[PDB]
Amino acid sequence: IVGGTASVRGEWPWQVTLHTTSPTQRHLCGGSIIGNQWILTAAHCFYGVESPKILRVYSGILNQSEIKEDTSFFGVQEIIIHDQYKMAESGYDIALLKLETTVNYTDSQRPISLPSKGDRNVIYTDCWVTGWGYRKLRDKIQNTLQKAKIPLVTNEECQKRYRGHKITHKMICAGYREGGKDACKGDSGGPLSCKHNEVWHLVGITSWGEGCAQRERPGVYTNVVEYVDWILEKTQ
Ligand SMILES: CC(C)C[C@@H](NC1CCCCC1)C(=O)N1CC(F)(F)C[C@H]1C(=O)NCc1ccc2c(N)nccc2c1
């Protein structure tokens, strides 16, 4: 996250850190808890991932430095990538991880609600992006989970900013006209979380953007509402 601030423990309980362990352990991407056995993340996170065997899901993490060799993690049974997925920028940037066990929900591990039936035309004005990504181009993964509030921009506006890409109704964009606050490399797969009637909803999945916090270049997110039928198909 660019232009963000540190979170405090327990603040974003659906946030997970997805680690790879090949060739060595490191944070690969964010994700969100959407069910007891289910994490929603981005398809592009899996590019160099040989199989589910090398992955580890950590919940309840504030600082990456907390994760030690005795820190409990959830194994991944299955990575379900959308059948039409090809590359982040061409859309369908959505994956489910089916975990090897069911999370017992606690204060530090909670689900985030999908966008609700009946809420398709709701205007979300309290959206937040979270993760351990870069604070600049050519940075590193950050220790403390970062947060930044970011306004949604219309698809029309987003297309005018990305005239070399096909922005579709299955994407949603978010950013300030002057930049300064944005998601970045390593925030991939984490939530764009929006609070409506005091209930949080997973509105976006961090996907791609041109640079990070560059002016007039918003973040482009997977528009979760348009995949709710696909999610429910795979999770039932
Ligand atoms: C060629 C470009 C059109 C896209 C390209 N630009 C990044 C910028 C940072 C250094 C690495 C390359 C891009 O995003 N990605 C390349 C890819 F498809 F392999 C994966 C994807 C990526 O890095 N996802 C993370 C990301 C980056 C910038 C973001 C951002 N600025 N806002 C919200 C969300 C943002 C999320």
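Both counts, for ligands and for their atoms, begin at 1 and track the order of listing. Numbering of residues begins at 1 and proceeds along the displayed sequence.
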Expected rows: ligand 1 N/O, protein N/O, dist below 3.5 Å:
from     : atom 1 : to     : atom 2 : distance (Å)
ligand 1 : 6 (N)  : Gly209 : O      : 3.0
ligand 1 : 14 (O) : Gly209 : N      : 3.1
ligand 1 : 14 (O) : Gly209 : O      : 3.1
ligand 1 : 24 (N) : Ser188 : OG     : 3.4
ligand 1 : 24 (N) : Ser207 : O      : 2.8
ligand 1 : 31 (N) : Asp182 : OD2    : 3.2
ligand 1 : 31 (N) : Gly211 : O      : 2.7
ligand 1 : 32 (N) : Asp182 : OD1    : 2.8
ligand 1 : 32 (N) : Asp182 : OD2    : 3.1
ligand 1 : 32 (N) : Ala183 : O      : 3.2

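- Inter-residue side-chain proximity for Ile112 and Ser193 is flagged as met; some heavy-atom pair is nearer than 4.5 Å.
- No side-chain N or O of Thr20 forms a donor-acceptor pair with one of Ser22 less than 3.5 Å apart.
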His19/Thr21 under side-chain hydrogen bond (donor to acceptor under 3.5 Å, both in side chains): CA gap, chis, key distance, verdict: CA-CA 7 Å; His19 278 216; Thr21 55; over 6 Å; no
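- With sequence neighbours left out, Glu216 forms a side chain to side chain contact (heavy atoms under 4.5 Å, CB included) with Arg161, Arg177.
- A salt bridge (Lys or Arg N to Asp or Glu O under 4.0 Å) check over residues 48-70, counting only residues at least two apart or in different chains, returns the pairs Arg9-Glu66.
- Pairs engaging residues 218-234 under the salt bridge (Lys or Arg N to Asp or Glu O under 4.0 Å) rule: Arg120-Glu226 [sequence neighbours left out].
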